[PDB]
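Before any questions on how it binds or moves, here is one chain, the form deposited in one PDB entry, in structure tokens.
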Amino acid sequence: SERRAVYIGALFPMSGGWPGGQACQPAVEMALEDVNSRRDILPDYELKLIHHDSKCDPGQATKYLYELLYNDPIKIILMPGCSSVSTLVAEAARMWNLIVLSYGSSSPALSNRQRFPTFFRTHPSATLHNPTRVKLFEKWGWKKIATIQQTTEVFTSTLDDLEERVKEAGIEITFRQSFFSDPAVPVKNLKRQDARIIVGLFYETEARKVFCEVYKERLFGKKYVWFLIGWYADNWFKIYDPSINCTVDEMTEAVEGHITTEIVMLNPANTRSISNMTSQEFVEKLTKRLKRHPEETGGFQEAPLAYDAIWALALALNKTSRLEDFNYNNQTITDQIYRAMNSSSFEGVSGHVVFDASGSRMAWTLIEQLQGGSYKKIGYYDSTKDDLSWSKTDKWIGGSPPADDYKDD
């Protein structure tokens, strides 16, 4: 008869490297209202939020993790955003028998069950680009791939995963080059080794430097296909950078025809999910709550993952249903919510939500090609069901994709 409060300890990065908390906290607030107003999910329980601003800093977050664990009320789950913050709270969590659910972590390292035994994330691992890559390689008949990365743990980890995935498909990595800040020598080597199919992993500043060097070495054209992460700003190659010699027209030339993969964060379909909202309705509902415009407010594109994280937990708690008796010294309830979280399968605002053995979210990827200085949607890929939606929107200079080999030139 008496509805009992059950608490989530969350960390929202309002500033730092990824200020995802700016749009993710209201998305969380909306999802809790939606779960609590529905009498068919947790009728006996009321889901409440206790949060702090982590500032996307592990040191800063260590202070708030203390504040969440050593102050009443007892929290039943921990919800961090940033990969660096999730690495800290997911490793520490076993000492308080706590499930950790991240709404914003993409680091491949976070999909390690030995280090992170109770960790889940609605945000997929950066390794989700790799099955789409191996599938596009298989489609266009390429078995020889060159890789170029900026020196970052996340990129190294992503390329490490790509290796074991190409080996399964009968595809090999010809050459692997890396750079900390200057990509002049790794790109010069790509031309020297006569690389044709190239996967490049870097941030936007470095991408402009890579493609300026790519123009100078004429590392673009009919012969070459570049595979990049589709996470850059709208006309990134056109953005002014005084550190690069190349012109706007020169890099619009160098980037022509390249392929990008991007994790789908909002269902492109017009269907209704468990909240009974459409992807478009969620956006409109979210836009209303915000003080500032979506363009200004950080983590806006990731906000559907935070909304869906709340539903994943609500439904997991619904499957278990003795929540008031949770204690940090007891594994019993934790093991039950872990089992319910591991068995998650529902439709959310970001699409179908399921977790792999590592606790990492499985999702669709959006495949695009740059055609005439603009990205054009060429398809979507579903890693789990192995199904590729082909648009028939792709274009190539020789009327068909080139080849990896010296053979057809």
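Numbers for residues come from their place in the sequence shown, where the first is 1.
One more form of this protein, deposited with a small molecule bound, exists but is not displayed; see below.
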Quiz item: Out of the stretches listed (162-170, 328-336, 90-98, 228-236), which one is close to the small molecule in the entry with it bound, meaning heavy atoms within 4.5 Å?
Solution: 228-236
Self-check item: Complete contact of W18, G104 and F155 with the small molecule in the entry with it bound (any heavy atom, 4.5 Å)
Solution: yes
Self-check item: Contact test in the entry with it bound: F202 vs the small molecule, heavy atoms, 4.5 Å
Solution: yes
Self-check item: 4.5 Å heavy atom contact, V255 to the small molecule in the entry with it bound
Solution: no
Quiz item: Should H123 be counted as a contact of the small molecule in the entry with it bound, where contact means heavy atoms within 4.5 Å?
Solution: yes
Quiz item: Looking in the entry with it bound, any heavy atom of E213 within 4.5 Å of the small molecule?
Solution: no
Practice problem: Could you spot which one of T147, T132, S111, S83 gets a heavy atom to within 4.5 Å of the small molecule in the entry with it bound? | Solution: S83
Quiz item: With each C-alpha assigned to whichever superposition fits it better, do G257 and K139 land in the same rigid part between this form and the one not shown?
Solution: yes
